[PDB]
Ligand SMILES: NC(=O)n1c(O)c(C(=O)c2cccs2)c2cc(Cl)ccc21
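One chain comes next, on its own, written out as structure tokens in the form solved without the ligand.
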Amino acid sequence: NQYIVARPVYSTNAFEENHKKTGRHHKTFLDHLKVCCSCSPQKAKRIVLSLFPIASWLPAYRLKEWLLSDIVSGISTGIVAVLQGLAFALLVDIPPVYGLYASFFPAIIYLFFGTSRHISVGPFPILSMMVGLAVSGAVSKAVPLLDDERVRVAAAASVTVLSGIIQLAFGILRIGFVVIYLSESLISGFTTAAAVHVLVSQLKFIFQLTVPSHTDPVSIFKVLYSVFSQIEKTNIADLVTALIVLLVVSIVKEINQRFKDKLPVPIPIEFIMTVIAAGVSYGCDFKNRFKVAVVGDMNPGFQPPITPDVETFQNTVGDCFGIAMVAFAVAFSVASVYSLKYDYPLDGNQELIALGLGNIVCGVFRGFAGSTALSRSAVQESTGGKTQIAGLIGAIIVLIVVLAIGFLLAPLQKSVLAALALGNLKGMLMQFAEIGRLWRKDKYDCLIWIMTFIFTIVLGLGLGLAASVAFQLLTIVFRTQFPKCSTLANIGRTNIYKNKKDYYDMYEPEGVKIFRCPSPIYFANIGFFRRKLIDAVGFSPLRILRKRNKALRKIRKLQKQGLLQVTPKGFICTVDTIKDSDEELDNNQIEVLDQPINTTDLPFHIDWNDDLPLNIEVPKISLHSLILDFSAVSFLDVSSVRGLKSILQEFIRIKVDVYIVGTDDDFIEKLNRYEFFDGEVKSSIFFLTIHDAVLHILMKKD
């Protein structure tokens, strides 16, 4: 088990010379733009098949293996989607039939343009809250009781159409990779804070209080105050009914997930609780007996198409962008959990296209934005969902409820809908345990979690997310801000070089320093790098050059005065103990000391580490070779190359050899584009490894 090697020492250049390099063509932007306009027959066919996924998965349908499972799954998820749409239309502060429209239209569009097979398309609590806040802001900023709700419905439809336009545009430009800009901890903190938001927003329905339409910042607190400032007017029937429902659903949901095997299908508890609530509310006339708030009479049928208010568009651009980013992020996360679980490809740009088209059509037909709820997508999948025919059947049941049997949902209290929303909220509320976990594993991701939570609670849900994404990008700088730069040493008289402070019996070759920065070097850390390198070598190369240039100036002054003589032997001092007189260079003359020392005029070389005559004193250095382990240095920006070029020039002007090792070919190619190399700084400073550079130095010195 021996590592035995016997090869020649290699500079990066000697390796390129000895081993001829496979010539590869340039992947030019112009020829790439040439493939863009392919106009090929099969290319156009695959483009059209990628824009219309139903044309590819519907003919490949397995009837005897999928049909009945999709029927059952669709029945269940549609019965869940009706109630979720009503509750989320409560969250948006519009009549509850618009939640039915939001549960109908996007599902029917995603049936045609969607690439997923397991998500339930429709509204979810976080997006209904965001849409309601955007609508309150729009009605606030609009230039001058049913009229108020009509204005809110129009503003919701317009916010939805603009969100869908933004999503469809992001999918057309093929930017479906923006979901990578939200980490797991950012999403965790955001969804926990948003679950708290949705909890607080359902309190005006549990207690049945009149809360104004607060806007951000701090709307959760404005809302908490409004609720508890009047906690004396709380309806007791509403609170009791909401409590009992929450208790039952919670227990059964547990029973459901605890006993998944014994149950052929999960127990529909939201449906059963809704039927029982409506029955005991209609039979006992709770509306009159206990003055409870009910869903009321809904208009049977759909609304005519609406035209989006450009005024609302102007007043809600930022909100609509946020509604679009959160919608895509949530839908893509869920969709990705089932693509992976069931092993089929999920196009992100087609996700954006389908969701944008669905939101556009929904908003045109008086709906509000929605992409997918993790709780409803779970029901469809757990009930046997195989394709998006389950989504079609859920939309058919929502249609049946809209057109035919909506009057049954008339005596249903809104406290029951709020209680269902809270029962679904517990799952996101249980994410508070991630704080301690991240604290132990990565404090930067713990910081992302805590700061996302605080930004989302204090600021809005839309400004909170934007602020949260920015801080998460800042933590990437925090990581690579103060790298643990170290000095290496050989260990084992072999080619292993490790931290000089870590092991015993290590060995530093006389005059050689090996410095390692374990991070990419850019604008935020080039100064820290230069300072740690100066601490490692033990001196400042520039200070040395200036002092040598000053000394050399004094030498030339004393020698052209005749006070000392130049000889191939060296400096001959007929006069000793010279008068000390600093030149005291002025501001416009002082720059001369940073110039390379050109003593070629002198007959003999000057050993700057030896004794200079006539009381001249310069700091002496033992360093004659500096190796820079650039192996873990990923990239270098323009600020870093400038700083690096400067550092290297200074070491070279004080006659210290510099070596960069451990780098890959792409790294060196990029440096050539920065105009880094020149007469003083050459490509010969690059060596394959540390041992290569060290051996090259030992042979030079010996």
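Basically, rigid core = biggest C-alpha set you can superpose within 1.5 Å across the two forms. Numbering starts at 1 and runs along the sequence shown.
Below, we turn to the form solved in complex with the ligand, even though it does not appear here.
- The site on this chain is blocked, since the ligand, superimposed from its pose in the deposited bound form on the surrounding C-alphas, has 3 or more atoms within 2.4 angstroms of backbone or C-beta atoms.
- For the options 354, 94, 420, 157, the one in contact with the ligand in the deposited bound form, meaning a heavy atom within 4.5 Å, is 420.
- 83 is the sole member of 521, 83, 552, 533 with a non-hydrogen atom lying within 4.5 angstroms of the ligand in the deposited bound form.
- Using a 4.5 Å cutoff between non-hydrogen atoms, residue 137 does not count as a contact of the ligand in the deposited bound form.
- Among residues of the shown chain, residue 125 is one whose heavy atoms approach the ligand to within 4.5 Å in the deposited bound form.
- With a 4.5 Å cutoff on heavy atoms, residue 88 counts as touching the ligand in the deposited bound form.
- Within 4.5 Å of some heavy atom of the ligand in the deposited bound form lies at least one heavy atom of residue 424.
- In summary, the region of this chain contacting the ligand in the deposited bound form, judged by heavy atoms within 4.5 Å and restricted to 493 to 501, 372 to 380, 111 to 119, 621 to 629, corresponds to 372 to 380.
- The residue among 260, 531, 479, 291 whose Cα moves by 2 angstroms or more between this form and the one not shown, once the core is superposed, is 260.
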